[PDB]
Amino acid sequence: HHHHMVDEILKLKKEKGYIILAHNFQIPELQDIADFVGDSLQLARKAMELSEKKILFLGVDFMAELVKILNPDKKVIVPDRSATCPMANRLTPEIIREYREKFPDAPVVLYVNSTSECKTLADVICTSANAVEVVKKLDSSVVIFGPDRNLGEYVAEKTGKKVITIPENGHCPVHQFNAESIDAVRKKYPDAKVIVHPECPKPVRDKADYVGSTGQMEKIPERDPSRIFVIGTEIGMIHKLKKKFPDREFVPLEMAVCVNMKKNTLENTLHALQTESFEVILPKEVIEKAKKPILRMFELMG
Ligand SMILES: N=C(C(=O)O)[C@H](C[C@H](O)C=O)C(=O)O
Ligand code: SF4
Ligand SMILES: [Cl-]
Ligand SMILES: [Cl-]
């Protein structure tokens with residue numbers, strides 16, 4: 327059944343020379359057939375190291391495109407071409423240009439969860455792990471930041487800089503946990519450590535033991551010996567964490583599912599390898615323009 331699809335996927339990936347890259351929010355069945363599972367930038371950087379020239383990418387479109395931007399001569403395919411990030415998609419070129427006009431001395435800092443077109447208009451890209459450091463290192467004490475207001479506000483708190491968030495009410499619906507869920511797990515597991523994403527709202531961040539990216543979450547049990555961790559992010563990370571640390575318990579803060587990440591299935595992944603579709607193609611000019619603020623990020627962090 328799934329053994330058939332899994333076996334055929336493994337067979338076709340080897341036969342056709344594909345490396346499979348899966349985001350942390352993919353279903354467990356897809357994480358387990360991937361060569362590498364990680365966050366968007368981790369995956370794009372990993373691809374840069376590969377001898378293979380064909381990639382099957384399992385995530386959402388801005389991430390596949392990030393891989394393509396940094397690996398332009400590889401064929402990058404995705405099983406569901408509609409898999410997208412609604413938060414990214416709410417920020418537009420028009421809004422970025424309006425805000426640059428109003429605040430022409432403010433660098434435009436765009437979270438990696440952003441469309442590739444929007445990236446072409448950014449001064450620097452950031453990830454949830456490096457946003458604070460990126461913004462600290464910028465000359466300016468004021469920045470334009472999008473598309474996530476929560477991450478922006480977190481960055482403001484940590485840097486003491488003024489962060490002008492765009493678009494209005496930009497947020498990830500998946501990470502809108504209730505702070506009351508933390509109150510409830512504290513009572514239920516008094517010794518658990520609560521780790522939440524910086525995309526979570528402030529009251530959730532402030533009640534957590536740790537705030538971090540998924541990449542940061544998976545490093546925490548290397549330094550914290552706690553038996554139980556409660557996890558405030560998308561449900562896919564539970565599988566990732568439990569696989570890496572089988573000796574610990576990982577409890578979801580709440581059940582939170584990214585419908586777009588769940589568009590990828592064993593069946594459409596198999597179809598993708600059978601047909602070698604759908605190729606992620608960006609105009610040359612988009613790749614060249616979007617590369618500029620990505621390199622600026624690498625420079626700042628180096
Ligand atoms: N912040 C992320 C993460 O995986 O921690 C995002 C992905 C996700 O869509 C955010 O909620 C990324 O991979 O860059
Ligand atoms: S979890 Fe949130 S930020 Fe990530 S792809 Fe889904 S809607 Fe976008
Ligand atoms: Cl390349
Ligand atoms: Cl600068």
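Position in the sequence shown counted from 1, then plus 326, gives you the working numbering.
Ideal Cβ placement from N, Cα and C applies to all residues, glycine included.
So, does the segment 524 to 541 touch the segment 466 to 480, judging by three or more C-beta pairs under 8 Å? yes
Under 7 Å from any heavy atom of ligand 2, does the C-beta of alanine 414 make it? yes
Between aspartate 465 and ligand 4, is there a pair consisting of the residue's CB and a ligand heavy atom that are separated by less than 7 Å? yes
Within 7 Å: the Cβ of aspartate 399 and any heavy atom of ligand 5? With respect to small molecules bound, the structure shown includes ligand 1, ligand 2, ligand 3 and ligand 4 and not ligand 5.
Grouping DSSP H, G and I as helix and E and B as strand, with all else coil, what is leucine 621? helix
Can you tell me whether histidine 501 is helix, strand or coil according to DSSP? helix
Within this structure, are the beta carbons of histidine 501 and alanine 582 separated by less than 8 Å? yes
How is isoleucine 492 classed by DSSP in three states: helix, strand or coil? coil
What is the C-beta distance between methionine 623 and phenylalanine 351, in whole angstroms, given that I count them as a contact (C-beta under 8 Å)? That pair is no contact at about 22 Å.
Below 8 Å between beta carbons: does that hold for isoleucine 381 and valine 363? no
Beta-carbon spacing of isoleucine 557, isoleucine 564 below 8 Å: yes
Strictly by DSSP, which residues pair up with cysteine 526? BP columns for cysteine 526 are empty, so no partner.
Element boundaries [alpha helix (DSSP H), containing residue 310]: This structure cannot settle anything about residue 310, because the visible part of the chain is limited to 327 through 628.
How close, in whole Å, do the beta carbons of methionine 374 and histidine 349 come, if the pair is a contact with beta carbons under 8 Å? Not a contact, Cβ separation roughly 17 Å.
May I ask whether a heavy atom of ligand 1 can be found less than 7 Å away from the beta carbon of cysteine 526? no
With distance defined between alpha-carbon atoms, name the residue in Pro551, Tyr425, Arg549, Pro619 nearest to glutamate 494. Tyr425
Just to confirm, is the Cβ distance from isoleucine 395 to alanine 616 under 8 Å? yes
Output the distance between the C-alpha atoms of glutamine 600 and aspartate 509, rounded to the nearest integer angstrom. 48 Å
Which complete alpha helix (DSSP H) runs does the segment 570 to 604 hold, if anything under 4 residues is left out? 592 to 601
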